[PDB]
Structure formats: C-alpha cells, structure tokens
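Undergrad: one piece of my complex first, more on the way:
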Amino acid sequence: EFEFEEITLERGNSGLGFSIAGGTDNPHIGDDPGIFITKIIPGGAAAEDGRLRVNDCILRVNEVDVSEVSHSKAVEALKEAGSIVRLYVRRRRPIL
C-alpha cells in the first residue's frame, strides 16, 4: 500500500523549500497525525533534488521521530536539523 524512501537534502541558502501540514494537534487527513508535504517550492533544495513529492509523509527528520508529534514539534525538528537533512518518507503506492 505504501512505498518508503530515504531522501537527504543539503539546505544551503535556498532553504528546504517545502510546505507541511498535519500533526497530532491538527490532523491534515482524518485522524492521521502525519506530517505531510503540501507544496514543493521551485529553486528550493527539495525541488532541485527532485525526489520529494507532494503528499509524502515525513516520518523521520535526521534522528527525530516525527511519526506522532504536534505540528510545532515537526517544525522545530526541521529547523534544528541543520544543513544536512535526512528525511525518511512514506507515500501511497499507485494502482497498477
């Protein structure tokens, strides 16, 4: 049902360049408290790397488990991750 991927980004000055929604305090989809990518910004690290996709659920940020955290905590994890940011993500597998 899902595919998983490790994606490490080099933040640089352009920034990670994606928007997120979700968290235990405000689920973005049903009761799923996941941190979801809602938008990817042209020129940002995510866009240049090419692997991250809209709707991807971020499960881990470097060593921080963000599978079940508040939106605030997800933001803090992303902010403190530094210049080298390892994302472990989950996405829906397409119907074939």
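TA: That came in fine, so what should we check first? Numbers count the residues shown, from 1 in each chain, chains lettered A, B, ... in the order given.
Undergrad: drop to CA atoms for contacts and neighbour counts, all remaining ones
TA: OK.
Undergrad: mind checking how far residue A:46 is from residue A:15?
TA: Taking CA to CA, to the nearest Å as the measure, residue A:46 and residue A:15 are separated by 9 Å.
Undergrad: Could you check how many residues crowd around residue A:50?
TA: Per other CA atoms under 10 Å, the neighbour tally for residue A:50 reads 11.
Undergrad: Against residue A:44, how distant is it?
TA: If you go by CA to CA, the gap between residue A:50 and residue A:44 works out to 10 Å.
Undergrad: Equivalent analysis for residue A:96, please.
TA: Distance check for residue A:96 against residue A:44: by CA to CA, it reads 31 Å.
Undergrad: which one of these two has more residues nearby?
TA: Neighbours were tallied for residue A:96 and for residue A:44 using other CA under 10 Å; the higher tally belongs to residue A:44 (20 against 3).
Undergrad: looking at it, the more buried one is touching residue A:17, isn't it?
TA: Yes - assessed by CA atoms under 8 Å, residue A:44 is found in contact with residue A:17 at 4.3 Å.
Undergrad: include chain B as well:
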Amino acid sequence: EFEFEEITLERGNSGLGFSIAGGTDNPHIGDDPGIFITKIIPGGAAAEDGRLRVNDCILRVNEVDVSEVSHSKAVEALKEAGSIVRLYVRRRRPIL
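TA: With chain B now in place:
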C-alpha cells in the same frame, strides 16, 4: 456543484497508473467516504488517456458500486476489473 464523466481505460502493461485514498473505513475528506484520485502517474493508462484528474471521485468501477465501500474493497474492485476498466467519476465544477 459537480460534473460527472465516464472514462474507460485500457490497462495494458503500464497499469492504470493512479493513486487513491479514502473509503468508509478511513474518509479522505471529512465524512466523505469517497474513493479519491490523489495522484496520476506519467506513462500510466490514466495519464495517456488524459481525462482522469486529481481529486476525481471514483463512484463506479465497471459494474461495482464503490460510492460507499472500504478502501480495501475499492482496491479489490480496481484489481479485478481486468484490462478494460470503466470508471464513472465525479469532480467539483469550478467557480466561473
């Protein structure tokens, strides 16, 4: 408020090539248990045909009514539909 469309796809080896979310067991939007297209994969049948759109709600798969089913049942309907897959879909009409 809505537009409806019949779209029949020829699966071939590329596959239908779209992701879905939703169902009675896990509504993708509010209490709407609809089966929604969340992504369309380049090279797939859906993309090549061109008619199916992200956010389209699949109401019927061949002769199977998927208006109110579990996600599992929607998947099973799509899997068993064979090579010729008739989708009856609903989408929001745009504000003009």
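Undergrad: Return the residues in contact with the residue nearest the centre of chain A.
TA: By CA atoms, centre = their mean, chain A has its centre lying nearest to residue A:58, at 3.6 Å. Residues counted as contacts of residue A:58 (CA atoms under 8 Å, 6 or more residues apart in numbering or on different chains) are A:34, A:35, A:36, A:37, A:66, A:67, A:87, A:88, A:89, A:90.
Undergrad: that's a strand at it, yeah?
TA: Yes - read with DSSP: H, G, I helix; E, B strand; the rest coil, residue A:58 is one of the residues of a strand.
Undergrad: circling back: name the member of the contacts of residue A:58 with the most neighbours.
TA: In terms of neighbours by other CA atoms under 10 Å in any protein chain shown, the contacts of residue A:58 top out with residue A:35 at 29 neighbours.
Undergrad: Contacts only, for that residue.
TA: Remark: with contacts taken as CA under 8 Å, 6+ apart, residue A:35 is in contact with A:20, A:21, A:22, A:23, A:28, A:57, A:58, A:59, A:66, A:67, A:71, A:74.
Undergrad: put chain C on too:
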Amino acid sequence: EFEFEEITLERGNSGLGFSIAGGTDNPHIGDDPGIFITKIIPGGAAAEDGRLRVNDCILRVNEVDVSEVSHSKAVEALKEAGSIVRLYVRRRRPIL
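TA: Placed with the earlier chains, chain C looks like this:
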C-alpha cells in the same frame, strides 16, 4: 506560519476559473471551515493573473467575510461579487 495576499481579479467572460471546497457545514481540512482553492483552471482569470495558488484559503470576497461561512454562502459571495473580485487569501509559508 502563514502568508497573506490581496488578489483582485477581472472576471470577464472566461470566469474566475477556480474550484473551491470547505465551509462550516463541511470542513475540507479537519475542523478548519475555511474556503480552500482546490483547482485552478487554465484560461480562467485566476490562471491568467497567476497569483492565486491551489490550497489558498479565501478569507474575504470584496466586503464579504468568508472566514466562517457555509459552502453555499461562499459560493453566493463569489457569485454576487461582480466583474471585479477582490480576494484576501491565506497560505502556508514554506519551510526554509
């Protein structure tokens, strides 16, 4: 966390050309009753203007506060706005 923007569209004959979802009667995201842009139609005023983005939350339509209204009321506000339609919108700021 958010960015705000004023966007005024000239409706013309092409129409505003965007789809919306949400409202107090049927929240599109969690308990957020916001009116959200779900799609932007090529050739429409929104697309030609270029500023409006999918996921943008419409807070105001000319002088009508649509921050907390039914979907029906949001539609009525957009319909009665005439040819010159001032939208005040909110969107998520991206992670940098």
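Undergrad: now with chain C: the contacts of residue A:35?
TA: Here residue A:35 is in contact with A:20, A:21, A:22, A:23, A:28, A:57, A:58, A:59, A:66, A:67, A:71, A:74 (CA under 8 Å, 6+ apart).
Undergrad: Would you mind confirming that the third one is in contact with residue A:37?
TA: No - using CA under 8 Å, residue A:22 is not in contact with residue A:37; the gap is 9.1 Å.
Undergrad: just to revisit the earlier point, redo the contacts of residue A:35 as JSON lines? Include secondary structure.
TA: Below are the contacts of residue A:35 laid out as JSON lines (three-state DSSP):
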{"residue": "A:20", "secondary structure": "strand"}
{"residue": "A:21", "secondary structure": "strand"}
{"residue": "A:22", "secondary structure": "strand"}
{"residue": "A:23", "secondary structure": "coil"}
{"residue": "A:28", "secondary structure": "coil"}
{"residue": "A:57", "secondary structure": "strand"}
{"residue": "A:58", "secondary structure": "strand"}
{"residue": "A:59", "secondary structure": "strand"}
{"residue": "A:66", "secondary structure": "coil"}
{"residue": "A:67", "secondary structure": "coil"}
{"residue": "A:71", "secondary structure": "helix"}
{"residue": "A:74", "secondary structure": "helix"}
